[PDB]
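Observations on chain architecture
One-letter residues, chain by chain:
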Amino acid sequence: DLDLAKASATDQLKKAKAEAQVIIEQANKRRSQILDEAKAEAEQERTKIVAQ
Amino acid sequence: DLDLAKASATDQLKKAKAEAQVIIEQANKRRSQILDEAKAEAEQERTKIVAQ
Amino acid sequence: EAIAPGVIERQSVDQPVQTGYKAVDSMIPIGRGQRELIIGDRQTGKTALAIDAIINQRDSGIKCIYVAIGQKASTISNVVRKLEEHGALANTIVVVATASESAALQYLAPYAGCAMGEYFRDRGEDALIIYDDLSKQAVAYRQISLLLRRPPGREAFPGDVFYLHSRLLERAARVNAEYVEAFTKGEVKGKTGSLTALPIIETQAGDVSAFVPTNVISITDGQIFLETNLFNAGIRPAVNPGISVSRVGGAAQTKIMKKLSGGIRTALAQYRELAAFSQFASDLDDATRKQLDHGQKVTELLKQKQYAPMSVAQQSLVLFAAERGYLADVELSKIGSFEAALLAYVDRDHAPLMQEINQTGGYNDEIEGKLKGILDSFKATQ
Amino acid sequence: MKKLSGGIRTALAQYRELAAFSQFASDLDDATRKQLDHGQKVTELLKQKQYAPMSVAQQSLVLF
Amino acid sequence: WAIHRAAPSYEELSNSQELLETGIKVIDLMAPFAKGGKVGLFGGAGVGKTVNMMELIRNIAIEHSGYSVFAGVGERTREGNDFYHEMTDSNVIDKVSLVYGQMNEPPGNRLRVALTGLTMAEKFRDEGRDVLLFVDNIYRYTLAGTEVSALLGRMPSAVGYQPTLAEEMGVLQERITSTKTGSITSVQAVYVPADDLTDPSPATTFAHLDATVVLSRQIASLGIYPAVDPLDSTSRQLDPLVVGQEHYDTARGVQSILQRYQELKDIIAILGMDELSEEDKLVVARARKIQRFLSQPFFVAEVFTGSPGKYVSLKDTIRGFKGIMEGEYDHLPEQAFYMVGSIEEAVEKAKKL
Amino acid sequence: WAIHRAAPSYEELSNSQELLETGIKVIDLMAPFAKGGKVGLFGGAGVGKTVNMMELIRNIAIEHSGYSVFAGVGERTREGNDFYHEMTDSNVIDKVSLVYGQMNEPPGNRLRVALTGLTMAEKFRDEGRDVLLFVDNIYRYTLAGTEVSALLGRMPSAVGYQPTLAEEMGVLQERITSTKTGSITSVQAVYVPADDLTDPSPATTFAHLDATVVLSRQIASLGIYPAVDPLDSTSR
Ligand SMILES: Nc1ncnc2c1ncn2[C@@H]1O[C@H](COP(=O)(O)OP(=O)(O)OP(=O)(O)O)[C@@H](O)[C@H]1O
Ligand SMILES: Nc1ncnc2c1ncn2[C@@H]1O[C@H](COP(=O)(O)OP(=O)(O)O)[C@@H](O)[C@H]1O
Ligand SMILES: Nc1ncnc2c1ncn2[C@@H]1O[C@H](COP(=O)(O)OP(=O)(O)O)[C@@H](O)[C@H]1O
Ligand SMILES: [Mg+2]
Ligand SMILES: [Mg+2]
């Protein structure tokens, strides 16, 4: 079971490299679509102001 | 080494949640800057068309 | 001065009037032909809620009317400027009797407004009318009455201060198709007119057991009570459940909302006794942990910004999330982020179901299944 | 009745003077605890059902 | 017939202990009423004295053979229309007679519309029948007198009321009574202005009713419906010789507990609940359980809450309250009792939390 | 000018919502003044109400280019005299117009004196300026109205107050607004009877106030001036 310890030590660090990958990929996408909504809103509030 | 792998793995997720919320917060800051600037500059268009 | 339609000319109220607000569209539903008091203390968001109700009818074929009685003239100009800002003014009549004007004009202002609302009612259309302060009308009438030496009663109001508001608000009605035919000499067939009212009352120090607030609670079909403690704590709109009610109830909602909301207001009346009694400690700590989690994240959920109305589709899945227990997994500070994310998620992925619920009342076991499939695909990808 | 009722006024008077402690009664001393628990019994004694009147002998016997 | 009549002679009156069951826990535990008696529902604005009257209509006036009369004095026309269609869409309309003087109408109509309903009911009474008479708000009959009084040149009285308040009220309330030839059973909603039960108009009415059910806002705002206050409701019929020793004794024990709980609220509010004797905490727990169990889901309030209505028989409610008082449900949580039917439904709801 | 006048018509009001920069950090931060607003001043005594009034009278003359009017409605004569001296030796007296109808005067004087100051501020407004109007106690304006109403024999209203209470207040408070040509701001000392914020007179005045600055004995005992309390001071 020396190498069971080696197996777990490989696996959990692989999994860290995976989860701490997707967390950041996902937050980057959230930031992308938030800065999309920002334009969708800013360019729509302009119409309100010119109609006013 | 099994134990310290257990620890240093979850280290990465602890880091990852912080670096997720940091970029989300920055996305929202850039959002508010986009909105406030587009509003402030469209107000000039309104005022000039009216005064004209 | 007129007498409202009689008992046989009315019809039951069956059509929803969407304000923008999660709180009132789900706990205190309003229907076309209803009368629904907005009552609270001063600087509580009464006018905010009323003109946000006007602004929202901008695009649903309801004509709106706003009567300002005894208000400051600058505030009235500011309200008109905001109605014009959001494009609503083209659809509203504004009747104004400022704080300076003779007491007779303030006394008679809301009857002049109902006379203009009843034009649309009797022609088979729908209208919405807002009496900005029916406390100031009562004060102006008390003045007119004491100057004529009439013996006053409780709180020095005249004897017939009930009849004053009674003969006014009883004109907000829904009339059936035969009344519209008879009135209009047969021009209009098969349409029912209506006139919805939202009188506003002001209470000193949170007293809903005064003379005039209770005279009007007794004439309308419900009340929205805005409490200043909730309002100062940032809970806005400060709808106090357990004092606010809707006397027509679910019958005035869409089917989806009628199913999702249910007993939520009595749920929060429970919760607001229980959280004041258990000010020290708790029992079934796990059970009351997941209760005063949701019985508290509801209150965190129903707060909403001003001038941001959200359609019935958007309110419906939100009440699903809250009511079915999905928010037991979230800390209070996250709720607003959670909703802000969900309402964009469903504008990206499930884009057409929103269009589908906006048109119809839309409830099916198909819809509940699809509305769980909406939660899950998002809950796993915030 | 004049002889016997004279003790009831005093029982209930001392009770009214001690009644404020009923809610902390656990901390009280056994000297005053006996007065506080006597007043309650002479109060429970004066309860009576409707249409059931008592001849003076019965009242005197019970107050005794 | 002329709507102005003299009340029946003292020689003609009749007295009837025949208890009348209503499937409402609080009303027929605390304040049971009899066939041929008068009931009044006292309450401020918006506390539930019309929903209660419609549930009594449901529980009595559909399960009753004789005719029935409904007078709407100075109330909403919306609700008169809703009632007219609820009747007509269940074919009970053709045994109910309606009169309406709703709040739109000028003072004369609201002033005299009660005597019209009474005249119809008195005609049905004299034919030898037995009748139900429901009056939708009898307070509007005197308010319409206060409005007119000063113009009739009469000096004002205590709180601006007409000087003839007690006579105006008595000369009406006196002709609505059962008699040897036939009986009128009635329910009257009695509005209380500014929630003030000592106002002259409510105060002079309590003397004219046999069962008084006093609703309150400080209970409705807990979500506990029907919002009846058991320390203020009362009935002439609550005697051991009329309802039996066990019903009477249960009712008195319930009042005793709730009163002892009222006495503790100030010390609980100042010093918190931990200073209570070890048996006063038990009184508080049973009092709160009793306050919950007094709640019930009505069939007419489905529109408000979704939950379906319940009907609870008297035999089935005194048993449940005797149980809660004797301590045999101390292991259930409070919420197990809120808005259920009999006690078995509480024992069940506890399983599901 | 005649002291009785109509309020600015609806189409004369200024089509914008500006702020007045007083230059006092506490006020400008915690309770900004709207240009053309009403402001309550709930301080007691000993805290320096009158030195705050002088500070505003000065700043609105020097930093902006307005004038000021001080209407003393039914208050001690002694205070008025020592205020007139505290101003003359701080050189602000050259920038303020004073009108005084103190407690000693008959009711008719104490009733109208508020309108005299107001109609002088309206003259300064017509000249295009920004004005600042101080009313030394609005509660005494209400009470003078009640006295005169009783003299005329009209029936008593809610707590003894005149029947015309809200109209008598609105016809004053409504003449002081911003306008397309100028504006009148107002700082009004308020007094609450029996400390009851529900009494009809406070309740009627509070409907018209925009900001509200509360002075505190404590903040002065700390030697910190101005003694404005940031937690009770409020502005809408
Ligand atoms: N949903 C909301 N979120 C945040 N702020 C709000 C909301 N609704 C109202 N407010 C704020 O509350 C303040 C007072 O609201 P509002 O003037 O509508 O109350 P009001 O009852 O009209 O006061 P008054 O009775 O004196 O007219 C406003 O400045 C507004 O910005
Ligand atoms: N059994 C009940 N369950 C739920 N809500 C109830 C119940 N009884 C009354 N209510 C509430 O009481 C409110 C007051 O209505 P109503 O009885 O018409 O008052 P009023 O007696 O003044 O007419 C209703 O809108 C309803 O929501
Ligand atoms: N801004 C300030 N700077 C220095 N001292 C001040 C200031 N404000 C108030 N004080 C002190 O407090 C006193 C307040 O007196 P005064 O202005 O007459 O108040 P009031 O008129 O309300 O009695 C001043 O005389 C001074 O001692
Ligand atoms: Mg308002
Ligand atoms: Mg009713």
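In terms of determination method and resolution, the entry is listed under cryo-EM at 3.1 Å.

A few words now on the packing of aromatic side chains. Residues and elements named next belong to chain F. Summed over all chains, the structure comprises 21 aromatic pairs over all chains. Note on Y67 and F124: the rings are 5.2 Å apart at their centroids and 45° apart in plane angle, and the pair reads as tilted. Residue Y67 is located in strand β4 (residues 67-73), and its partner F124 is located in helix α4 (residues 107-126); the two are separated by 57 residues in the primary sequence.

Now for the coordination of the magnesium ion (ligand 5). Taken together, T50 of chain E (OG1) and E75 of chain E (OE) make up the protein donors of the magnesium ion (ligand 5), found 2.2 to 2.8 Å from the metal. Residue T50 of chain E is found in the loop between β3 (38-43) and α2 (51-61), and its partner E75 of chain E is found in the loop between β4 (68-73) and α3 (77-88); the two are separated by 25 residues along the sequence.

Moving on, we get to the site of ligand 3. Residue and element names in this part refer to chain F. In the vicinity of ligand 3, the residues found are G46, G48, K49, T50, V51 and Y225. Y225 places a polar side-chain atom, nitrogen or oxygen, 3.4 Å from an oxygen atom of ligand 3. Starting from 570 Å² of accessible surface for ligand 3 in isolation, the protein chains cover 50%. Considered class by class, the residues forming the shell around ligand 3 number 2 nonpolar, 3 polar and 1 charged.

Residue and element names in this part refer to chain E. Cross-referencing UniProt, the feature "binding site: ATP" (unreviewed entry) maps to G43, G44, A45, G46, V47, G48, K49 and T50 in the present numbering. Relative to the assigned elements, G46 resides in the loop between β3 and α2. The exposure class of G46 is partly exposed, given its relative accessible area of 29%. Those residues within four positions of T50 in sequence are excluded, and the remaining contacts are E79 and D136.

Another point: the side chain of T146 of chain F. All names here are of chain F. Mapping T146 onto the fold places it in helix α5 (residues 138-152). Take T146: its relative accessible area is 18%, and that puts it in the buried class. With near-sequence residues (within four places) excluded, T146 lies in contact with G160, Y161 and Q162.

On to the site of ligand 2. Around ligand 2 sit 13 residues, and of these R247 of chain C together with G46, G48, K49 and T50 of chain E come closest. Note that an oxygen atom of ligand 2 is positioned 3.3 Å from one of the backbone N or O atoms of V51 of chain E. For ligand 2, whose accessible area on its own is 550 Å², the fraction buried by protein is 95%. The residue inventory of the shell around ligand 2, partitioned by class, reads 5 nonpolar, 4 polar and 4 charged. Each of two domains, domain 1 (1-237) and domain 2 (238-353) of chain E, supplies a minimum of three residues to the shell around ligand 2.

Conventions adopted
- Residues numbered from 1 in each chain as written, not as in the entry; some residues may be left out.
- Chains lettered and ligands numbered in written order.
- Part of a larger assembly, values for the part shown.
- Heavy atoms only, no water.
- Residues with missing side-chain atoms left out of burial classes, pairs and counts.
- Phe/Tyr/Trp six-rings, centres within 6.5 Å; stacked < 30°, edge-to-face > 60°.
- Helix = DSSP H or I, 4+ residues; strand = E, 2+ residues; numbered from the N terminus.
- Donors = N, O, S within 2.8 Å, 3.2 Å for Na, K, Ca; no water.
- Near = heavy atom within 4 Å.
- Polar contact = N/O pair within 3.5 Å; in protein donor to acceptor, adjacent residues only side chain to side chain.
- Areas by Shrake-Rupley, 256 points an atom, 1.4 Å probe, with all protein chains shown as cover.
- Nonpolar A, V, L, I, M, F, W, Y, C, P; charged D, E, K, R; others polar.
- UniProt positions renumbered as here; feature names shortened; annotations may be inferred.
- Buried < 20%, exposed > 50% of the residue type's maximum accessible area, 1.4 Å probe, protein only.
- Contact = heavy atoms within 4.5 Å.
- Domains from an automatic or database assignment.

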